[PDB]
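To begin, one chain is listed below as structure tokens, in the form deposited in one PDB entry.
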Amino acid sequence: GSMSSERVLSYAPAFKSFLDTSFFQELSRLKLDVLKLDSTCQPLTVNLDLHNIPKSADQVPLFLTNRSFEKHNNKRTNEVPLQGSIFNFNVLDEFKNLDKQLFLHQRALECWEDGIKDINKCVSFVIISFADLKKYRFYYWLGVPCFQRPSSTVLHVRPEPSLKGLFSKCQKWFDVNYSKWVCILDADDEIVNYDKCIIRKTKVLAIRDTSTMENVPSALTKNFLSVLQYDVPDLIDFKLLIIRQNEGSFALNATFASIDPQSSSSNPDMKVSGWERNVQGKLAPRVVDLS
């Protein structure tokens, strides 16, 4: 807290769920075929439209419909595909008593394992559900596994406006490279795919951000920064670009720091979070009456 404008970076939830009636109708149809099972997990695909996020939003909407259950074969115009899954529980008591922290931690571990192989694959979402087919009442809860490893590492940042010139090229790069969440500068300031050997030298990382909150990036940022630390353990100071398709991109002069002296360097804890808040702002399932 000596440099002016130095702050610890804070975050916003990565997505907001919007499940339309066709999603619940399809969930219902499919559930009728698995009544003998205690639970099922089925892949989902959604299309993110980072160019047309409503002004009223705080983060990108995650639109679930009947089509989300379908195999996605081709990209929709101006939209980025995101894979997730739905875990449907046929016993309401199990839906309720499932330890949600453990469950999301398990999801996060898979994102982590994917991410340390390819940083662009550490993003996902999960829906847990119970569907009362008699009442046509549906309980659901969106989780977006966000992991901070080490749990005790924070990111100190201040604005780096001298980098603002890069925003346009980053927007265009993310448009073209629709399967990627991050890009970096190479040693000649060309925008390229993340490469752990290049970034260790060039130290400039840009992220496709899902938040629209001013100066506050998506919590998904935590995932990317955890992978970065694993990839480049000696990296302390670097430049971080938070890229949005609106006018809200921002660049940061960033510094990793630990708030725990007795923290394990060989076996750091991973903090996991990302359950969506419900209509009342509580960390609990949402309930929809479709009858």
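Don't overthink the numbering: it's just position in the shown sequence, from 1. C-alpha atoms forming the largest set that superposes within 1.5 Å between two forms make up the rigid core.
As for the form deposited in another entry, it is not shown, yet the points below apply to it.
K.L.:
Which single residue of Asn177, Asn90, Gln106, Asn78, after superposing the core, moves its CA by 2 Å or more between this form and the one not shown?
P.N.:
So the residue whose C-alpha moves 2 Å or more is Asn78.
K.L.:
Any chance the CA of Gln262 moves 2 angstroms or more between this form and the one not shown, core superposed?
P.N.:
Yes; that C-alpha moves by at least 2 Å between this form and the one not shown.
K.L.:
Taking the shown form as reference, are the C-alpha positions of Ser265 and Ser151 brought closer or pushed farther apart in the other form, with a change of 3 Å or more?
P.N.:
Relative to the shown form, the pair is farther apart.
K.L.:
Taking the cut-off of 3 Å or more as given, in which direction does the distance between the C-alpha atoms of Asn78 and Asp118 change in the other form, closer or farther?
P.N.:
Compared with the shown chain, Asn78-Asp118 is closer in the other form.
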